[PDB]
Amino acid sequence: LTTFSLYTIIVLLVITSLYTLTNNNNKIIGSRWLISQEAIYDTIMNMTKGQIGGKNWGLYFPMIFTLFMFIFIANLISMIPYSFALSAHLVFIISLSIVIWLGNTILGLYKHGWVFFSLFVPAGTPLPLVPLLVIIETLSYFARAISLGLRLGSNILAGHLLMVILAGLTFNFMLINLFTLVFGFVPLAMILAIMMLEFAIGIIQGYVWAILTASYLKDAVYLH
Amino acid sequence: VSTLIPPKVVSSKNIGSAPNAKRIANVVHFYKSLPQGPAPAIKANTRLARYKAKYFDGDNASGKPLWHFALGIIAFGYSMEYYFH
């Protein structure tokens, strides 16, 4: 129905093409394009064996991989100058964060009983302040609920808005006479620089999602 | 006296050698490998195996499909701008 539905389909089709139209029928020699998706595999192998290493890490490796690729692709697609709010529809990203947070909390309660609440005892510290350190551990524990979503949302949204407002200003420098169109390009060069920074920080933010929700899963699986 | 007959039996340097394990491997692996293959890029054949051939071969990492796909998304929402206008 919605515009949102159309771009979600587009994300699916991009992802299909990287494991279809990028390899030469799976040569062992490797293709130039297929080397990219090898490196992504390797750095999430080595990241999530590093984060949620234990007796398992491969059991949550697909989940962390589809969280990698989704955000990795969607902060290039959302950064095409005629592409609609998906991730910049914050409610989907924040909702995805809350879902994962609840799916960690439930996983922890189920797997580790009511001694899941021993997760919110943090350390052997003097006994008269042990209960205090439970109160302001749970407070920070469901601060993990909204922080993970709000990181990504703020970065992507702010980038697009910043560029558009400054674009509107350089529009009005060049909408008045040519002496203003001279030194109308000097701020324009700033927008180009901001766009370079915004592409960079979206891939950085993508690593931060998948490491943070590996770090939370490290905590959830391995108590304390 | 007569030289002993152990050297006239061999069935412990013929099965008793380590490359035997490699031998039975590489008679299967190599013998049963087609020396050449069918065609490297051919997925999406409908004159878009041609798209793959120019852009998504391992013979290039050239930026052209990226440009093309990007321009497609620019064309998508921009046309819809004039559809929403």
# chains A, B, ... in the order shown; residues from 1 in each chain; ligands from 1
$ closest_atom_pairs --of "chain B" --to "chain A" --cutoff "6 Å" --atoms "only C-alpha atoms" --output "JSON lines"
{"residue": "B:40", "atom": "CA", "partner": "A:24", "partner_atom": "CA", "distance": 4.6}
{"residue": "B:41", "atom": "CA", "partner": "A:24", "partner_atom": "CA", "distance": 5.1}
{"residue": "B:56", "atom": "CA", "partner": "A:22", "partner_atom": "CA", "distance": 5.3}
{"residue": "B:58", "atom": "CA", "partner": "A:31", "partner_atom": "CA", "distance": 4.0}
{"residue": "B:61", "atom": "CA", "partner": "A:32", "partner_atom": "CA", "distance": 5.8}
{"residue": "B:74", "atom": "CA", "partner": "A:82", "partner_atom": "CA", "distance": 5.2}
{"residue": "B:77", "atom": "CA", "partner": "A:82", "partner_atom": "CA", "distance": 4.7}
{"residue": "B:78", "atom": "CA", "partner": "A:82", "partner_atom": "CA", "distance": 5.8}
$ residues_around --residues "range 206-219 of chain A" --least-positions-apart "5" --cutoff "6 Å" --atoms "only C-alpha atoms" --output "VMD selection string"
chain A and resid 51 to 52 71 to 72
$ residues_around --residues "range 157-163 of chain A" --least-positions-apart "4" --cutoff "6 Å" --atoms "only C-alpha atoms" --output "PyMOL selection string"
chain A and resi 88+153+167
$ write_last_selection --atoms "N, CA and C atoms" --output "tab-separated table (two decimals), in the first residue's frame"
chain	number	residue	atom	x	y	z
A	88	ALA	N	14.41	6.38	8.67
A	88	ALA	CA	14.11	7.74	9.04
A	88	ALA	C	12.64	7.84	9.32
A	153	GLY	N	18.62	6.25	15.02
A	153	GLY	CA	17.59	7.15	14.59
A	153	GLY	C	18.05	8.56	14.53
A	167	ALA	N	20.71	23.22	2.17
A	167	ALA	CA	20.40	23.21	0.76
A	167	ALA	C	19.43	24.30	0.42
$ select_by_dssp --residues "chain B" --states "alpha helix (DSSP H)" --output "ChimeraX atom specification"
/B:19-29,49-55,64-83
$ write_last_selection --atoms "C-alpha atoms" --output "compact mmCIF listing (two decimals), in the first residue's frame"
# COMPACT_ATOMS: atom_id res chain seq x y z
CA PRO B 19 50.79 -40.82 0.14
CA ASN B 20 48.36 -43.75 -0.45
CA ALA B 21 45.83 -41.66 1.47
CA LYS B 22 46.54 -38.73 -0.90
CA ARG B 23 46.51 -41.02 -3.94
CA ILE B 24 43.01 -42.36 -3.42
CA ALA B 25 41.92 -38.76 -2.82
CA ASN B 26 43.40 -37.23 -5.97
CA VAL B 27 42.34 -40.07 -8.28
CA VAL B 28 38.79 -39.11 -7.35
CA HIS B 29 39.27 -35.34 -7.21
CA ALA B 49 22.82 -11.51 -18.13
CA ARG B 50 24.46 -8.81 -20.28
CA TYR B 51 23.98 -6.38 -17.37
CA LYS B 52 25.73 -8.96 -15.16
CA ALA B 53 28.39 -9.50 -17.80
CA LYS B 54 29.28 -5.83 -17.99
CA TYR B 55 28.90 -4.95 -14.34
CA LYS B 64 28.82 1.64 -13.06
CA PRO B 65 26.00 -0.64 -11.60
CA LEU B 66 26.19 1.33 -8.36
CA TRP B 67 25.72 4.53 -10.36
CA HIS B 68 22.92 2.95 -12.40
CA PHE B 69 21.06 1.59 -9.36
CA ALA B 70 21.51 4.88 -7.48
CA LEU B 71 20.16 6.82 -10.46
CA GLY B 72 17.20 4.42 -10.47
CA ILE B 73 16.26 5.39 -6.91
CA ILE B 74 16.75 9.07 -7.82
CA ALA B 75 14.41 8.40 -10.74
CA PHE B 76 11.95 6.61 -8.50
CA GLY B 77 11.19 9.16 -5.83
CA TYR B 78 11.76 12.14 -8.18
CA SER B 79 9.10 10.88 -10.61
CA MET B 80 6.87 10.37 -7.60
CA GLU B 81 7.63 13.99 -6.61
CA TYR B 82 6.03 15.06 -9.87
CA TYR B 83 3.29 12.45 -9.20
